[PDB]
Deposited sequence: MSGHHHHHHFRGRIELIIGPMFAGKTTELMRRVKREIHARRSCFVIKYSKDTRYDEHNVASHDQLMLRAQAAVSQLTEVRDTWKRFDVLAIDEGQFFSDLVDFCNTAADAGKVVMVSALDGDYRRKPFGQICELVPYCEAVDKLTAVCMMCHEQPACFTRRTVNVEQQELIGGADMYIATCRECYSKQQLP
């Protein structure tokens, strides 16, 4: 039946990649998927003859009942949706395969959005690791911010963030 799967880890780990792997897997079995991304203007990646949908939204309420038609819900950048838990649950309880790719922690390692709160509801949690972009010789589980902004929500990539190991995360300069 229905469930919630969570894909977490730092930036540069391939979480989104893994989310889509699972999506393509379901499509080959002719199961209908609805991919939900967050309103964050940044370049992405049609190739099947199945039922496949793709929304970009600020709050999951904005999808209304659209999801009911679908077998599989894939939510990327889940950390930015404030109604994540209730939404995934309501859907999973309806018998939907809900999959969520997210940062578990922000640049200061504080719980990012409702992600840590979602964990108790998940039938599976996979944490991916990046490679450390400072020492290049250890896996990376944290994300360090290279610009001087305090705000938690700051959309961006390699020019503003680096994936790091433990030692490296505290290295000052």
Original post:
So which bits of the deposited sequence did not make it into the model?
Top reply: 1-10, 56-61, 190-191
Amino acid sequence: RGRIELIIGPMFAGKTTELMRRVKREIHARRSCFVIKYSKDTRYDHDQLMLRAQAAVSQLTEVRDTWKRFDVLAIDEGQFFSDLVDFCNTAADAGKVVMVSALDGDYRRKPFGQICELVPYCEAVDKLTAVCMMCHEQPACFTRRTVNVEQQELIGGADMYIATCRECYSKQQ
From here on, numbers count along this sequence of modelled residues.
Original post:
Which wins on mean Cα temperature factor, 13-21 or 149-157?
Top reply: 149-157
**OP:** Averaging only over Cα atoms, indicate whether 101-109 or 121-129 has the higher B-factor in the PDB entry.
**Re:** 101-109
Original post:
Taking the Cα B-factors listed in the entry, which of 28, 136, 69, 37 comes out highest?
Top reply: 136
**OP:** Please pick out which of 54, 42, 114, 32 has the largest Cα B-factor as recorded in the entry.
**Re:** 42
